[PDB]
Amino acid sequence: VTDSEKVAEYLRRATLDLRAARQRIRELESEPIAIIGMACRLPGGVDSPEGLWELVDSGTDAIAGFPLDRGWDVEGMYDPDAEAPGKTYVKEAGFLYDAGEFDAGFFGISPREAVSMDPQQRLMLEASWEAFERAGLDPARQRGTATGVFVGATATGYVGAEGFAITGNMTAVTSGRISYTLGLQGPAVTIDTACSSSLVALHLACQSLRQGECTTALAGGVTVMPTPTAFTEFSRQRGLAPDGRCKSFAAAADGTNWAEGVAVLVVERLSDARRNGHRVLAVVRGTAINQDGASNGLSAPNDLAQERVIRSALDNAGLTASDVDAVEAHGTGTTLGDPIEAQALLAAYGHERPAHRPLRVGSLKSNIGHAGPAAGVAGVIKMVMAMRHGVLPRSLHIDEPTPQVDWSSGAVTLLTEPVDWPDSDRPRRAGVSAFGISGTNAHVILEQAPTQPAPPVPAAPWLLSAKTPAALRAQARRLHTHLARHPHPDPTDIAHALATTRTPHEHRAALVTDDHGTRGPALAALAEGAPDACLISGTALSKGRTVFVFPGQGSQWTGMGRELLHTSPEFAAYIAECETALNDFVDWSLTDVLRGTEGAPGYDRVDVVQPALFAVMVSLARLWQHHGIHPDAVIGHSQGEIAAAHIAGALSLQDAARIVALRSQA
Amino acid sequence: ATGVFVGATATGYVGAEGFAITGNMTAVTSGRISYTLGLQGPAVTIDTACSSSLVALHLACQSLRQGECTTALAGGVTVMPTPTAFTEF
Amino acid sequence: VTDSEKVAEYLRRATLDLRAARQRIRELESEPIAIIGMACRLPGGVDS
Amino acid sequence: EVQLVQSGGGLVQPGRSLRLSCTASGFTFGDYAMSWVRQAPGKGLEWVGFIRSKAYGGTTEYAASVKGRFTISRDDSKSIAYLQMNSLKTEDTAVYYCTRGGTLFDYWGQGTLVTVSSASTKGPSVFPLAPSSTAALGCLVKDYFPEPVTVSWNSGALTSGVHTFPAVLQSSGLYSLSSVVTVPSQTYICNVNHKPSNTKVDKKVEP
Amino acid sequence: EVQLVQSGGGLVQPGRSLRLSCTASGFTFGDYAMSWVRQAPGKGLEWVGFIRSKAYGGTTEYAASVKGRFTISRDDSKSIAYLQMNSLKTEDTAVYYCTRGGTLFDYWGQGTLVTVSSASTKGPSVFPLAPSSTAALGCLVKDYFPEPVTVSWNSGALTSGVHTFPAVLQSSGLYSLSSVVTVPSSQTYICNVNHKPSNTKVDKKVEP
Amino acid sequence: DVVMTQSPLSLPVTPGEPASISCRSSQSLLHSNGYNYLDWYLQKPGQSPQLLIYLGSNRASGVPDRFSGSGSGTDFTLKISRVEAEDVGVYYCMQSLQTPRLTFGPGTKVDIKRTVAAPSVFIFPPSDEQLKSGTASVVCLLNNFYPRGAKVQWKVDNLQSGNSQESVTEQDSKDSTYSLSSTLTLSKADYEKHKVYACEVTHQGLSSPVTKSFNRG
Amino acid sequence: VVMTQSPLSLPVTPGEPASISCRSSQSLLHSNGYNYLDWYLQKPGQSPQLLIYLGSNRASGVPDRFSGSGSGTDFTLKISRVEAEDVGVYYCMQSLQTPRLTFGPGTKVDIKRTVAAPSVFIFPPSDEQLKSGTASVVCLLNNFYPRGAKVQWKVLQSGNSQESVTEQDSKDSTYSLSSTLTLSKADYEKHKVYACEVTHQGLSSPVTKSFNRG
């Protein structure tokens with residue numbers, strides 16, 4: 001060989017390896033992180049991302065009166081003046097009135113432990129289970145997986161059960177319990193960085209995904225107020241708004257208002273999510289975090305730091321200022337904070353972009369108030385759902401843009417009314433900001449999920465399960481309502497999702513029917529619990545070995561196995577194998593007898609019924625084995641013993657066929 | 001661009017009524033350093049029980065490997081204003 | 001200048017760039033971290 | 001994602017032709033020069049030949065031991081490399097590998113076992129081996145042409161100490177392995193399963 | 001770290017000879033083939049020549065316009081390359097770059113300037129420009145051989161709106177430029193021209 | 001049968017938009033090796049050239065990730081994602097199939113894009129001491145125009161060549177605009193032959209060719 | 001013609017550094033400043049794969065454990081971590097001169113453990129094959145390490161012996177050999193004493209086992 005081609009092949013190997021290494025650098029520095037699941041519980045009756053979308057799209061204000069079931073002396077802790085200990089001038093704020101509600105029995109927690117358990121831990125457990133279920137992952141099957149749990153939380157002072165009271169109130173447990181109840185093995189870290197806590201955690205989660213330390217991660221936050229201390233003490237300096245509405249970027253901005261909530265995201269690398277065939281909702285492209293540093297007091301924002309973190313997040317995402325279509329601004333509603341944030345957004349985003357595509361600025365806090373540590377992650381959920389619906393929801397309580405900042409540039413505009421999101425020439429992109437009181441800023445950039453058959457199996461079983469019969473009925477009713485608002489979904493896809501992507505619990509039920517006219521009524525009958533023809537119900541046994549019974553004479557009828565010969569290929573193959581093994585000492589073909597073709601002997605003759613029954617029974621047993629039901633034993637009955645022997649491995653197919661055929665002939 | 005990763009927990013400690021808020025939030029335990037020294041890197045207060053500071057060090061190492069920080073403060077603090085730990089464990 | 005020696009320069013550039021990229025990968029994933037400063041206050045009169 | 005899949009092996013009698021196909025996917029087949037490298041049982045690799053890319057001309061080169069008898073071609077339209085062997089000799093029994101690159105075999109196929117011998121299908125003649133009289137005993141299988149053949153002691157009940165040795169070619173052109181066990185200083189029985197002949201020979205071993 | 005540092009530039013009379021040295025550090029100098037590429041002041045890059053490695057015999061190759069006059073050499077003991085230019089011509093004035101690689105110029109030296117001209121040192125011949133009684137006025141520097149000349153308006157007091165154009169070779173082998181400035185139609189502006197070789201600090205007060 | 005390459009002679013950019021320089025060769029540069037023997041170098045103003053791209057697509061180490069080469073056979077393109085102020089310069093695409101390469105070619109000037117501005121043309125007369133020295137130098141100059149390339153002409157009487165010397169300043173740091181200045185010089189004697197030494201300038205910003213008269217001499 | 005050679009075998013324990021050296025009969029450093037040499041691995045039962053090329057450049061997708069080094073005539077492949085997956089045959093294969101007739105003997109790599117002597121077991125030719133008309137006397141060694149223990153048959157026949165070695169065990173990492181010597185009927189009843197002498201690094205003497213049936 002000439003030296004030219006000899007060195008050319010080496011050059012080809014070298015440049016291919018160089019391309020591989022460069023791609024590895026690209027995916028190790030900044031890989032896109034897929035948000036494969038989300039869950040949230042927010043004020044205003046929100047308990048899912050769809051609920052949050054319904055709230056924001058309708059422009060509903062979730063601010064409401066204080067809770068009365070928490071032992072608060074709500075009548076005796078309101079006075080108008082802004083300077084008094086133990087008193088506040090705020091009437092209303094966001095709340096989770098079902099914060100104490102918790103399904104203790106589901107997670108194996110006794111009632112006494114649950115009473116001495118922080119509400120944050122309970123809410124985080126429920127939200128994490130919901131997020132895993134919404135991601136297409138069975139939460140039970142995640143046991144032993146290298147899944148991280150990064151959670152933003154704070155010590156809110158919630159306080160035979162002496163042991164439970166210790167681990168039931170430590171903030172470090174707030175993430176750890178999630179990885180203990182579910183059995184996860186990735187790192188569990190509880191972040192605490194004030195309002196930036198959750199979003200910061202998400203950034204850390206992305207790093208944990210990029211280094212390979214995790215295959216999946218939970219990034220989220222939780223905020224609960226067991227006591228009104230956040231309202232009485234913080235109101236001394238007129239920090240809260242009088243009416244309790246977080247007027248974001250409005251001239252009437254005269255303070256903020258607190259709110260409870262919880263929001264988690266099950267996040268995985270985009271390549272890994274694509275490999276496993278997971279549904280990608282959005283894609284965190286890049287993130288950045290820094291600190292205000294030197295500023296006019298510890299609790300005061302700095303526009304330069306916000307510009308820096310926005311630019312750093314854009315650079316990490318590899319996206320321009322003009323590439324982002326909208327931003328979920330922090331928007332605390334404070335008089336001093338809002339102009340600073342507006343100036344930062346104008347300097348960073350609205351500097352070089354077309355005049356006809358201004359940056360749309362919104363704020364979830366206008367709807368639900370300042371959700372606290374859980375705010376930032378909750379923000380992206382909004383910016384995910386809008387990104388799914390292509391509609392930017394309006395920000396409430398904006399009589400006009402605030403005059404402190406100058407909107408003369410026109411590059412940044414508030415979402416006074418809903419604006420349709422264009423879906424042309426590029427993926428939809430957005431940003432979320434979670435600027436914190438302690439000074440730690442955080443900015444996240446989201447991008448629209450990238451754009452991504454088999455024949456329908458007949459009579460696909462629809463499986464349902466639950467811990468208790470009431471939970472099973474609730475599951476059936478919820479599935480019926482969900483399917484009602486759906487334009488003719490594929491039944492096989494629903495069957496696969498129910499069978500694979502859901503945990504099998506104790507109390508089980510099934511719906512098997514070949515037509516899509518009885519499934520709805522059957523689901524209803526299960527919901528109210530009345531019986532139905534195609535409905536099956538039962539209680540699974542935790543332990544027990546399986547047995548295959550092989551009865552002898554009696555179980556014969558004309559045309560048996562005729563339909564399986566056409567529909568089922570495995571049954572046809574097994575019948576063909578039995579036919580080949582049986583042809584030696586038999587003067588007819590089994591397939592003709594089963595199909596009932598002309599001239600074949602009927603089942604009245606003794607010498608043919610036992611071979612046919614043996615072959616059908618063996619084929620059915622092997623079909624059961626093909627579906628994963630491997631017997632732990634076998635039992636026969638007269639001639640069926642022969643068939644049982646063939647399944648026991650005692651006799652080969654040829655030997656069993658010989659025995660049954662010659663014994664029947666004798 | 002110096003980071004401050006601190007492993008700390010909320011131990012109950014508490015005329016001014018302006019610094020009592022920021023003077024007892026655990027998030028400030030890492031923030032205040034960055035406010036005093038003027039550091040501009042991320043200030044995260046980890047709370048992961050007895051391993052927290054070591055966990056923070058790991059995070060600090062990651063913050064250095066990714067180029068997010070030129071230097072980092074990885075540490076932990078533990079003070080007991082009240083004898084609650086001895087009367088609960 | 002013939003191709004047999006012309007391609008050698010491209011191969012040398014390619015392998016140098018490959019070594020640089022591999023060094024970048026190793027630095028990005030497992031670069032050691034130097035402890036340049038230390039401080040502690042612990043029981044028993046410890047202050048350094 | 002580079003992939004090479006080989007096909008066209010199987011038994012062939014001596015003095016006859018055969019064709020091995022190597023289908024490539026996941027890369028530009030035309031750019032690379034394909035090669036064939038064989039490995040006899042036990043011996044090291046031996047380079048059979050290679051074909052250049054069509055850009056250089058598509059010519060071929062072969063080793064001295066197979067010059068003229070063998071030929072290599074390539075269909076760039078469907079991206080397959082063909083090795084046409086003619087007049088196989090008994091020495092050509094080997095596993096043939098299709099590889100990418102005329103001088104740098106960066107990627108290799110899964111291999112294809114081409115065996116050539118004039119022997120016809122036989123069945124295994126089993127014989128016992130008396131224990132010595134620290135107690136080894138076995139059964140020797142002799143005079144079977146085709147693989148595979150397996151030996152199960154007490155129908156697989158015995159697993160500890162069993163050593164089923166690799167088959168070996170004798171000068172007659174036949175194969176003969178031998179299974180052995182080391183019992184700790186009840187009657188021992190070995191079953192020989194030989195699928196090509198469907199032979200179910202069994203034998204007990206005793207002094 | 002890869003480093004190539006050039007030396008030996010500077011002015012030379014026509015017909016003389018020069019030796020441009022190129023010192024390499026941070027890599028195996030013997031393996032690479034060293035190339036010399038010149039850029040005339042205004043035109044694109046022009047490849048002068050190159051030399052192979054010792055393993056290839058160290059054979060050299062030169063452009064058509066420099067064949068015979070120029071000779072490239074190298075020594076791997078000190079890891080240096082040399083360009084010996086003989087019987088230099090006027091058009092050879094250019095910035096010469098030393099690079100590693102005979103075909104792929106992957107790394108370049110800082111470059112060294114070489115000028116070929118027989119004209120000796122001489123000071124400027126500053127003249128004014130009358131701004132036709134948004135008025136642009138300037139002073140024109142002429143007839144100075146060795147670069148550079150620094151023009152400062154009002155001893156540096158006036159800076160906004162000033163434009164100092166690049167010098168241009170005259171047909172006589174001397175340099176000339178014009179420094180202008182725009183001001184509203186109305187102080188007496190003075191331009192100071194400093195020429196370090198001739199040590200001439202001539203001033204000129206421009207006026208209508 | 002020497003190979004030559006053609007590219008756009010100029011290409012304005014903005015700080016942030018994508019940019020794409022193109023090159024076309026008269027012969028297929030795809031060697032039998034399956035490689036495109038083309039290289040992209042960048043020369044920044046007042047700096048030595050550096051290698052950006054080699055073998056068409058492979059990016060040299062140390063170059064920013066913004067640059068990317070593409071194409072094959074005859075048509076090639078260098079694409080820049082983010083254009084910055086420091087990315088201005090001259091981009092030379094040059095082949096290596098047929099060595100040696102006499103020149104790198106005219107290159108492709110890159111400069112910041114802004115609104116087209118017409119030139120504020122000006123003309124000055126020769127001085128007095130210059131005439132008695134024994135020379136005349138009539139000087140025109142444009143000012144604050146964009147893009148560079150506004151052609152000029154010295155209508156000495158009812159065109160001229162071989163006695164003019166243009167000079168263009170680089171891009172302004174703030175306004176991002178050029179400034180031309182021609183210097184027509186004939187002699188002391190030839191100055192006093194006609195009384196009309198007009199200057200003409202043509203530019204994209206100018207709808208029609210602008211003319212400035214002298215009516216003296 | 002160039003010629004390269006390496007150590008025939010090299011025991012390895014999982015965890016220690018390992019180094020497979022090999023030297024050439026000629027300077028492989030090409031004029032272009034490259035070592036035209038390659039390192040390939042063949043795992044047991046799998047197809048060969050490329051580890052290193054041009055002396056030291058590691059191929060993509062290979063683990064970073066492997067590293068080539070050396071120049072001129074001498075070369076080495078160094079491994080940081082050894083595992084059960086890294087066992088196989090390593091070939092250092094030159095490319096300066098072509099065509100390459102064969103890769104070479106290679107360098108067998110196997111798990112390391114304490115030296116274990118064999119347990120010899122001579123067996124007689126069973127009477128079933130005798131009545132069939134041919135005798136086949138088989139020796140046996142089991143649970144020994146290192147491999148390569150040789151066996152001779154004195155009847156000193158050296159033209160009808162065929163040995164076979166099983167792969168290294170997964171449990172105790174020890175080998176087993178079973179040599180056979182075949183004779184005809186008329187050939188079998190010619191000599192009375194058949195002896196097998198085995199030699200192994202773990203044996204202090206050539207422990208012979210005899211058999212007197214004729």
# chains A, B, ... in the order shown; residues from 1 in each chain; ligands from 1

$ residues_around --residues "region 448-463 of chain A" --least-positions-apart "6" --cutoff "7 Å" --atoms "only C-alpha atoms" --output "JSON, numbers by chain"
{"A": [280, 281, 282, 283, 387, 427, 428, 429, 492, 495, 498, 499, 509, 510, 511, 512, 513, 514]}

$ write_last_selection --atoms "N, CA, C and O atoms" --output "PDB file, in the first residue's frame"
ATOM      1  N   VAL A 280     -41.019  14.268  26.741  1.00  0.00           N
ATOM      2  CA  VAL A 280     -40.285  15.465  27.134  1.00  0.00           C
ATOM      3  C   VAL A 280     -41.247  16.642  27.070  1.00  0.00           C
ATOM      4  O   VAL A 280     -41.810  16.936  26.009  1.00  0.00           O
ATOM      5  N   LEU A 281     -41.440  17.311  28.206  1.00  0.00           N
ATOM      6  CA  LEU A 281     -42.326  18.465  28.285  1.00  0.00           C
ATOM      7  C   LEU A 281     -41.610  19.753  27.896  1.00  0.00           C
ATOM      8  O   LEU A 281     -42.116  20.528  27.079  1.00  0.00           O
ATOM      9  N   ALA A 282     -40.437  19.992  28.476  1.00  0.00           N
ATOM     10  CA  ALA A 282     -39.615  21.142  28.139  1.00  0.00           C
ATOM     11  C   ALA A 282     -38.159  20.743  28.319  1.00  0.00           C
ATOM     12  O   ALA A 282     -37.852  19.635  28.767  1.00  0.00           O
ATOM     13  N   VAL A 283     -37.255  21.658  27.975  1.00  0.00           N
ATOM     14  CA  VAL A 283     -35.824  21.387  27.980  1.00  0.00           C
ATOM     15  C   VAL A 283     -35.122  22.564  28.640  1.00  0.00           C
ATOM     16  O   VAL A 283     -35.057  23.654  28.063  1.00  0.00           O
ATOM     17  N   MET A 387     -46.046  27.043  27.356  1.00  0.00           N
ATOM     18  CA  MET A 387     -45.238  26.586  26.235  1.00  0.00           C
ATOM     19  C   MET A 387     -45.870  25.381  25.555  1.00  0.00           C
ATOM     20  O   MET A 387     -45.665  25.167  24.355  1.00  0.00           O
ATOM     21  N   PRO A 427     -37.943  27.056  17.846  1.00  0.00           N
ATOM     22  CA  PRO A 427     -38.700  26.563  19.000  1.00  0.00           C
ATOM     23  C   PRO A 427     -39.029  27.690  19.963  1.00  0.00           C
ATOM     24  O   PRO A 427     -38.292  28.671  20.085  1.00  0.00           O
ATOM     25  N   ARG A 428     -40.157  27.544  20.649  1.00  0.00           N
ATOM     26  CA  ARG A 428     -40.504  28.487  21.700  1.00  0.00           C
ATOM     27  C   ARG A 428     -39.491  28.389  22.833  1.00  0.00           C
ATOM     28  O   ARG A 428     -39.117  27.293  23.258  1.00  0.00           O
ATOM     29  N   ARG A 429     -39.044  29.547  23.317  1.00  0.00           N
ATOM     30  CA  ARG A 429     -38.075  29.626  24.400  1.00  0.00           C
ATOM     31  C   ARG A 429     -38.538  30.668  25.403  1.00  0.00           C
ATOM     32  O   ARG A 429     -39.280  31.592  25.063  1.00  0.00           O
ATOM     33  N   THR A 492     -55.327   0.724  22.978  1.00  0.00           N
ATOM     34  CA  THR A 492     -54.126  -0.060  23.241  1.00  0.00           C
ATOM     35  C   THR A 492     -53.072   0.768  23.964  1.00  0.00           C
ATOM     36  O   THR A 492     -52.369   0.256  24.842  1.00  0.00           O
ATOM     37  N   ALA A 495     -54.096   0.910  27.521  1.00  0.00           N
ATOM     38  CA  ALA A 495     -53.815  -0.366  28.168  1.00  0.00           C
ATOM     39  C   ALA A 495     -52.338  -0.498  28.507  1.00  0.00           C
ATOM     40  O   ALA A 495     -51.984  -0.917  29.614  1.00  0.00           O
ATOM     41  N   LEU A 498     -51.448   1.866  31.427  1.00  0.00           N
ATOM     42  CA  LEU A 498     -51.943   1.357  32.699  1.00  0.00           C
ATOM     43  C   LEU A 498     -51.134   0.153  33.166  1.00  0.00           C
ATOM     44  O   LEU A 498     -50.840   0.022  34.359  1.00  0.00           O
ATOM     45  N   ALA A 499     -50.768  -0.739  32.244  1.00  0.00           N
ATOM     46  CA  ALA A 499     -50.107  -1.976  32.643  1.00  0.00           C
ATOM     47  C   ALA A 499     -48.661  -1.736  33.054  1.00  0.00           C
ATOM     48  O   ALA A 499     -48.199  -2.292  34.057  1.00  0.00           O
ATOM     49  N   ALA A 509     -58.411  -4.523  39.627  1.00  0.00           N
ATOM     50  CA  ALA A 509     -59.559  -4.712  38.759  1.00  0.00           C
ATOM     51  C   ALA A 509     -59.099  -4.594  37.314  1.00  0.00           C
ATOM     52  O   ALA A 509     -58.055  -4.007  37.019  1.00  0.00           O
ATOM     53  N   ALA A 510     -59.900  -5.160  36.415  1.00  0.00           N
ATOM     54  CA  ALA A 510     -59.548  -5.230  35.006  1.00  0.00           C
ATOM     55  C   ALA A 510     -60.800  -5.100  34.153  1.00  0.00           C
ATOM     56  O   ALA A 510     -61.899  -5.476  34.570  1.00  0.00           O
ATOM     57  N   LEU A 511     -60.611  -4.563  32.949  1.00  0.00           N
ATOM     58  CA  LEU A 511     -61.669  -4.426  31.953  1.00  0.00           C
ATOM     59  C   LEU A 511     -61.162  -5.000  30.642  1.00  0.00           C
ATOM     60  O   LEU A 511     -60.212  -4.468  30.060  1.00  0.00           O
ATOM     61  N   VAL A 512     -61.796  -6.073  30.175  1.00  0.00           N
ATOM     62  CA  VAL A 512     -61.407  -6.758  28.946  1.00  0.00           C
ATOM     63  C   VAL A 512     -62.630  -6.812  28.043  1.00  0.00           C
ATOM     64  O   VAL A 512     -63.615  -7.488  28.361  1.00  0.00           O
ATOM     65  N   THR A 513     -62.563  -6.113  26.913  1.00  0.00           N
ATOM     66  CA  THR A 513     -63.642  -6.132  25.937  1.00  0.00           C
ATOM     67  C   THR A 513     -63.073  -5.733  24.585  1.00  0.00           C
ATOM     68  O   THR A 513     -62.109  -4.966  24.506  1.00  0.00           O
ATOM     69  N   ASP A 514     -63.684  -6.257  23.524  1.00  0.00           N
ATOM     70  CA  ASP A 514     -63.170  -6.092  22.171  1.00  0.00           C
ATOM     71  C   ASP A 514     -63.722  -4.868  21.449  1.00  0.00           C
ATOM     72  O   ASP A 514     -63.245  -4.558  20.351  1.00  0.00           O
TER      73      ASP A 514
END

$ select_by_dssp --residues "region 93-172 of chain G" --states "strand (DSSP E or B)" --output "VMD selection string"
chain G and resid 93 to 94 102 108 to 109 111 116 134 to 138 141 to 145 150 to 154 161 to 162 165

$ closest_residue --among "C:13, C:41, C:19, C:6" --to "chain B" --atoms "only C-alpha atoms"
C:41

$ interface_residues --of "chain C" --to "chain G" --cutoff "8 Å" --atoms "only C-alpha atoms" --output "ChimeraX atom specification"
/C:5,8,15

$ write_last_selection --atoms "N, CA and C atoms" --output "PDB file, in the first residue's frame"
ATOM      1  N   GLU C   5       3.332  13.218   2.294  1.00  0.00           N
ATOM      2  CA  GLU C   5       3.840  14.096   3.338  1.00  0.00           C
ATOM      3  C   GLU C   5       2.907  15.261   3.634  1.00  0.00           C
ATOM      4  N   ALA C   8       0.557  14.257   6.388  1.00  0.00           N
ATOM      5  CA  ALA C   8       1.191  14.116   7.695  1.00  0.00           C
ATOM      6  C   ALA C   8       0.958  15.347   8.560  1.00  0.00           C
ATOM      7  N   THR C  15      -4.122  15.069  15.692  1.00  0.00           N
ATOM      8  CA  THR C  15      -3.807  14.366  16.932  1.00  0.00           C
ATOM      9  C   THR C  15      -3.461  15.343  18.049  1.00  0.00           C
TER      10      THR C  15
END

$ closest_atom_pairs --of "chain A" --to "chain B" --cutoff "7 Å" --atoms "only C-alpha atoms" --output "JSON lines"
{"residue": "A:155", "atom": "CA", "partner": "B:10", "partner_atom": "CA", "distance": 6.4}
{"residue": "A:172", "atom": "CA", "partner": "B:48", "partner_atom": "CA", "distance": 4.7}
{"residue": "A:189", "atom": "CA", "partner": "B:48", "partner_atom": "CA", "distance": 5.6}
{"residue": "A:190", "atom": "CA", "partner": "B:47", "partner_atom": "CA", "distance": 5.4}
{"residue": "A:191", "atom": "CA", "partner": "B:46", "partner_atom": "CA", "distance": 5.2}
{"residue": "A:192", "atom": "CA", "partner": "B:27", "partner_atom": "CA", "distance": 5.5}
{"residue": "A:193", "atom": "CA", "partner": "B:27", "partner_atom": "CA", "distance": 4.6}
{"residue": "A:194", "atom": "CA", "partner": "B:27", "partner_atom": "CA", "distance": 5.8}
{"residue": "A:289", "atom": "CA", "partner": "B:42", "partner_atom": "CA", "distance": 5.7}
{"residue": "A:290", "atom": "CA", "partner": "B:42", "partner_atom": "CA", "distance": 4.1}
{"residue": "A:291", "atom": "CA", "partner": "B:40", "partner_atom": "CA", "distance": 4.8}
{"residue": "A:292", "atom": "CA", "partner": "B:40", "partner_atom": "CA", "distance": 6.2}
{"residue": "A:293", "atom": "CA", "partner": "B:38", "partner_atom": "CA", "distance": 4.5}
{"residue": "A:294", "atom": "CA", "partner": "B:38", "partner_atom": "CA", "distance": 4.8}
{"residue": "A:298", "atom": "CA", "partner": "B:35", "partner_atom": "CA", "distance": 6.4}
{"residue": "A:438", "atom": "CA", "partner": "B:28", "partner_atom": "CA", "distance": 5.5}
{"residue": "A:439", "atom": "CA", "partner": "B:31", "partner_atom": "CA", "distance": 6.6}
{"residue": "A:440", "atom": "CA", "partner": "B:43", "partner_atom": "CA", "distance": 6.1}

$ closest_residue --among "E:30, E:111, E:161, E:49" --to "chain G" --atoms "only C-alpha atoms"
E:30

$ interface_residues --of "chain F" --to "chain A" --cutoff "10 Å" --atoms "only C-alpha atoms" --output "JSON, numbers by chain"
{"F": [14, 15, 16, 17, 32, 33, 34, 35, 58, 59, 65, 81, 82]}

$ residues_around --residues "residue 36 (chain F)" --least-positions-apart "6" --cutoff "12 Å" --atoms "only C-alpha atoms" --output "number ranges by chain"
C: 7, 10; F: 25, 27-30, 53-58, 69-76, 94-98

$ residues_around --residues "region 171-178 of chain D" --least-positions-apart "5" --cutoff "6 Å" --atoms "only C-alpha atoms" --output "list in words"
residues 140, 141, 142, 143, 144, 145, 165 and 166 of chain D

$ interface_residues --of "chain C" --to "chain A" --cutoff "8 Å" --atoms "only C-alpha atoms" --output "number ranges by chain"
C: 3-5, 7-8, 10-11, 14-15, 17-18, 21-22, 24-25, 28-29

$ atom_distance --atom1 "CA of residue 85 (chain F)" --atom2 "CA of residue 342 (chain A)"
27.4 Å

$ interface_residues --of "chain D" --to "chain A" --cutoff "12 Å" --atoms "only C-alpha atoms" --output "number ranges by chain"
D: 1-2, 27-28, 31-34, 50-53, 55-56, 59-62, 100-107, 155, 200
